[PDB]
Each structure stands twice: as structure tokens, then as C-alpha cells.
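A quick write-up on the structure given underneath.
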4 protein chains.
Amino acid sequence: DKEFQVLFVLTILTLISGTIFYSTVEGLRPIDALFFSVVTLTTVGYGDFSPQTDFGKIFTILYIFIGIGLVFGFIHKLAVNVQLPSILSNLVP
Amino acid sequence: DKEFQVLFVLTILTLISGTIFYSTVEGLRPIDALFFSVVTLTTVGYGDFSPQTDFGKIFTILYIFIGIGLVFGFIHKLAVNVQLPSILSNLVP
Amino acid sequence: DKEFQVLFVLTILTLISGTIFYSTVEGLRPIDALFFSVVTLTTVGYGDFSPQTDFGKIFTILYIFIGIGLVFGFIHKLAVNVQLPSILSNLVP
Amino acid sequence: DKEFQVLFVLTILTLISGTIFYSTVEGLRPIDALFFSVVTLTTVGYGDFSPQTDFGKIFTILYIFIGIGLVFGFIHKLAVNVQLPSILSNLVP
Ligand SMILES: [K+]
Ligand SMILES: [K+]
Ligand SMILES: [K+]
Ligand SMILES: [K+]
């Protein structure tokens, strides 16, 4: 539970970081910068807001390598430590 | 077997949810909304039907975080608990 | 070793299936159809050759769910049962 | 630690390989070729720099299958063997 909370906070900070970076360097609206950060770190990669600057491209490379680990860690704990038990409880006859 | 069935039903409900959301908010044809939901939760992300509204972008963020866990759980069980044994049976000399 | 071989053959058949489907239904050159099949099942999803027909979209949904399991199984075995040992052997002082 | 170092070097070599290939065959600026290599092997796949030549498409197929294993291995070790302990240390009361 404390584990999920740390991961939750780490994910938030990471996304705020991306939001600030892309709005500044790539000139994205903050909402689009947040959207892009999430779509990037979850490896979805629609591509609509991909970086046009070299600074943006270099940050994105580093952001992916550092961010993917904690975003999927959070997703994994959410799925295993939260969603799993809930669905089960909704089964209990 | 009951596990695969629950996951199958959970995946269906999740996809119906996306289908309804994107057809409503993003104005997609239902088939395109379903297609987009799948392409999103499997992390493929072609990008053709990416959300243009802020409401769409925010939902997509939440949808990804909540949906990826159960979609890949289903894929994983399908692969391990279903495809694996079948291919093996097709080997049995 | 026999495991890697089965997975290798299963991956090939799956890709041939996609190649045939997309060249037929989506009118892709065979090379582009193969490329699209791989880019889809590995979840990269550049998006250049995404399906424009409903038949194409529906197949793609099913193809993703059935194909991702065996493509990543193959990738995983390749990495663990093949690449891992080789790199190690190149270390042995 | 030696494991992380090998993976770090293997990831670098792999990315240099992609960088050289795409700048040569697809005529990308080196920075864009590196960016594309990373976006490919991490399965993000924005799609802006996708290959237009058959040679590019064929290499990309092989590059994905061979590269994804080591890139995610590196990401996994980075997350487990490096990020995990650090965040923990920042907790120690
Ligand atoms: K993509
Ligand atoms: K992707
Ligand atoms: K992906
Ligand atoms: K894309």
C-alpha cells in the first residue's frame, strides 16, 4: 500500500516533468504536453505531438529510458495489487 | 478456465466503454472507436484516430493506465493458458 | 532449442498470414504488408500503413490479440535462450 | 553492476548501428536516425521517421526482433538494479 503510494507519487512527478519540458521546449499547451508524456512513457506513441526540436528529441530519448521503468512498475502494481483483488471481491458468492 | 473467462468479459466491457466514449466525445464511427480503443490499450498506437479534444485526451490518459493492465493480463493468459497447450498438442507424436 | 524452432516457425506463419491479408484487403505491396504485420505485432505501430477498411480494422484487432502472444514469446526466447548466452561467451576470459 | 555495464554498452552499440543505418539508407540526419532507432526499439513508434525504402523496411523488421530484447533488458535492469534501490534510499528515515 505504501509501495503503491510511492509509485503513484513518482509517476506524478515524472509526468509533471514531461509536462513542463514539452510545454517549454516544444511549445505545447500544458494539456497536450501531459498527454504526450503519458503516450510516450506508456509506449503508445500516437505521434501527433512528437518533438520537432533536437533538444526535444534528445530529452525524449532520455525520458523514455528513465521513465518507462517507473510508469510500467506503477501500472503493474496497480493491476496486481489493486485491480486484481477488487474484481475478485466482486465475485465472492 | 474461469480465470480466462473473467478476463475475457473484463476486456469486452473495457472495450465497449472505449467504443462508447470515443464515438460520443471524439465523434468516431463505432467501429473506428473500437479499433482505436484496442490500438490504444495494446500500446500499438497507430495514431490515425488520436483524440482532438481535451476531454478525449484526459480520458485517454486514464483509460491507458486502467486498461493496459487488464488487456495485457488477458493477452498473457490467452497465450499461456490457451495457445501454449494447443500448439503442444499439435506436436504430440 | 526445439522450443525456439517451433516459435520461429509459428512467428513466420503468423507473419505470412498478415502479409497475405493486408496485401489482399488493404491493397498493400507484399513488402509493406509484411512490414505492417511486424510493426503491429511488436506494438511499434508507426501508423503509415494502418487499415482503411472495416474488414482491415476488424482483422487487425483479432490479429493483435492472437499474434502479440507468440511474437513476444519468440522475442523473449530469442533474448534469453540465444542472445544472453552468446554475449556471455564473448566475455569468457 | 558488471551486468548493467555490459547491457549499457550493448544498448549503445545497437543504437549506433541504427543511427548509421538510417542516416545512410533513409537519409536521416544522424540525430533523427538515433531518435528513430530509440523510438523503434522501445516500441513507442511515433512514425515521423518511418522507413520509406524497402531496404529500410527489411532492416527495421530485423532490427526490431534483435534489438527489442536487449533494449528492454537494459531498461529492466536499470529499473530494478538502479532506480529501485535509489528511491528506497531516499525513504530511509
Ligand atoms: K505508435
Ligand atoms: K507503440
Ligand atoms: K508499445
Ligand atoms: K504512430
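Residue-wise test of (1) within 20 Å of D:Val44 (Cβ to Cβ); (2) under 17 Å from the mean Cα position of the chain (by Cα); (3) away from ligand 4 (no atom under 14 Å from the Cβ).
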| site | (1), (2), (3) |
| --- | --- |
| B:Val44 | yes, yes, no |
| B:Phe49 | yes, yes, no |
| B:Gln52 | no, no, yes |
| B:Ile61 | yes, yes, yes |
| B:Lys77 | no, yes, yes |
| B:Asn81 | no, no, yes |
Within region B:26-48, does at least one residue satisfy the condition of being away from ligand 3 (no atom under 16 Å from the Cβ) and over 17 Å from C:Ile58 (Cα atoms)?
yes
Return only the number of the condition from (1) touching a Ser or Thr at 6+ places or on another chain (Cβ under 6 Å); (2) more than 16 Å from ligand 2 (Cβ to nearest atom); (3) within 19 Å of D:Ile66 (Cβ to Cβ); (4) among the hydrophobic types (A, V, I, L, M, F, W, C) that C:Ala33 does not satisfy.
(3)
For chain A, which helices (runs of 4 or more DSSP H) that fit wholly inside it have 3 or more residues that are more than 13 Å from chain D (Cβ to nearest Cβ) and of a type in the set (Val, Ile, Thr)?
A:2-25
Report yes if some residue within region D:36-43 is more than 16 Å from ligand 1 (Cβ to nearest atom) and either closer than 30 Å to A:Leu10 by Cα or out of contact with any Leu (no Cβ under 6 Å at 6 or more places or on another chain) (or both); otherwise report no.
no
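Counting neighbours? That spans all protein chains shown, and the Cβs are built from the backbone with ideal geometry, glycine included. Values in this text are rule-based calculations from the coordinates and carry no lab data.
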